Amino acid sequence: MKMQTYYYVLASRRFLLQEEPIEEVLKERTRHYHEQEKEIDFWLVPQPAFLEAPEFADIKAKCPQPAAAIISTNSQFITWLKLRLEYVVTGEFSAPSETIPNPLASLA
């Protein structure tokens, strides 16, 4: 039942996986975490389930669909991604909750 804060950067799937690909960024960070033997705390989530929560209805309406998000418990990384990607929005939410039972779930 204990909840934690998740930070995210949100954009259209087309932008993240086509226009401004983030594969190399995530590959690099994952590599660094490995040599540092650090637990992964960031995830690429296509059509994120948190976006379906009732409270995210306006944010979803505003975001071109299909959407994709990079979620992390590290706020600084997410803010940097905003500076790095630009054509995106960022925010945070607490989970797991009744409306967001699976914070990292992808709905295809």
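The first residue of the sequence shown is number 1, and the count goes up from there.
Legend entry - Per the entry, higher mean C-alpha B factor between 99-107 and 1-9: According to the PDB entry, the answer is 1-9.
Legend entry - Between 17-25 and 84-92 (mean CA B-factor, as deposited), the higher: It is 17-25.
Legend entry - Given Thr79, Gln47, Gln36, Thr73, the residue at which the Cα B factor reaches its maximum: Of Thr79, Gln47, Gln36, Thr73, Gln36 has the highest C-alpha B-factor.
Inset, instruction - Can you pull the Cα B-factors for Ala69, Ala61, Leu51, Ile40 from the entry and say which is highest? - result: The listed residue with the largest C-alpha B-factor is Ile40.
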